[PDB]
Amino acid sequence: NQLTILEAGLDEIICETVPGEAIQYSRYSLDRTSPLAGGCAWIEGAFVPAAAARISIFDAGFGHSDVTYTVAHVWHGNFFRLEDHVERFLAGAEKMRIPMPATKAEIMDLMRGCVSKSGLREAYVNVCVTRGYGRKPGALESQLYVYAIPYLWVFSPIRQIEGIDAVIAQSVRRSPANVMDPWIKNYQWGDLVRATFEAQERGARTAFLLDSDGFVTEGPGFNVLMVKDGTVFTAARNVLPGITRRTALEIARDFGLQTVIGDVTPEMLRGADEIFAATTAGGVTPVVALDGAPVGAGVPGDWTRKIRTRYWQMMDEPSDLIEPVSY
């Protein structure tokens, strides 16, 4: 019962990448003067080493999964779309009716602080808000937790270039919008874990989940997009509106492709020219086989590669999307 949700990064500041391709870590030396260097969390008023970051077991964020979150990443010392992330995070907490114990500006400053104190130039930055464990010592009960740890990869840097295989899950379906809405990024992964176990048993890396009506939704930690005859399709319902997805669609429109956020069928996936995954934890990933059949030509698709390359170049190009971190 070994389970692989993330392929790389879990305790590795620098992961191996394809030489000469578009994904390259920063070349630097981490000053370890601070015990916060390498991973820093903010928990109940204090910045703490990641190895020491702990939460009350009585927080309903645990016992009821009464919690929502987002993950923004830092690459080459630049935050990517931090404000978009904190905006989505706040909208989700409102929908979940979890009161926010901090302002948008305070959350962004806490996130910048964890990164700065960690010294990490490539980072995974989780912020979550829970319903809390009751009255705080010392009036909102909601708890905000933040951490910046080394960048995490659902699929490894090598597979970002070379591609992955997938199945459409048959043993499990995605959480319905009227049960716990995937539109709200959340920690309830019972169906996503089941789907990953199914993919493993079927000899594939990961799975795409269908919803109650049989339409394609997302996978465990990533959105699913397809390209067919000049148009990029991706699900509207029963998925997170990913910000990597948002970026990929912006890039595709800049390339002159049309984009449709709307219902996607398995039959559409099986006739697609290309399929790729999208998530903050790794970026744009070609899906080159589906249910044991090649997607398109069976190699990373032409548009997927362009979109992926443009995505990584956007981590360095000055724009409204990139914010340098003050170390």
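Numbers follow the displayed sequence, beginning with 1.
- Deposited sequence between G256 and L257: no residues lack coordinates (chain continuous).
- The PDB entry reports B-factors from which the mean C-alpha value can be compared for 35 to 43 and 276 to 284; the larger average falls on 35 to 43.
- In this entry, 127 to 135 shows the higher mean Cα temperature factor of the pair 127 to 135 and 171 to 179.
- Going by the entry's values, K104 shows the largest Cα B-factor out of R237, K104, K185, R245.
- The entry assigns its greatest Cα B factor, within the set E201, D213, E218, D109, to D109.
- The entry lists a Cα temperature factor for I307 that places it in the lowest third of the chain's modelled residues.
- In the PDB entry, a CA B factor belonging to the lowest third of its chain's modelled residues is recorded for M226.
- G190 sits in the lowest third of its chain by CA B factor, as recorded in the PDB entry.
- Among all modelled residues in this chain, the alpha-carbon of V299 has a temperature factor (C-alpha) in the middle third.
- For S29, the recorded CA B-factor ranks within the highest third of the chain. Only modelled residues enter the ranking.
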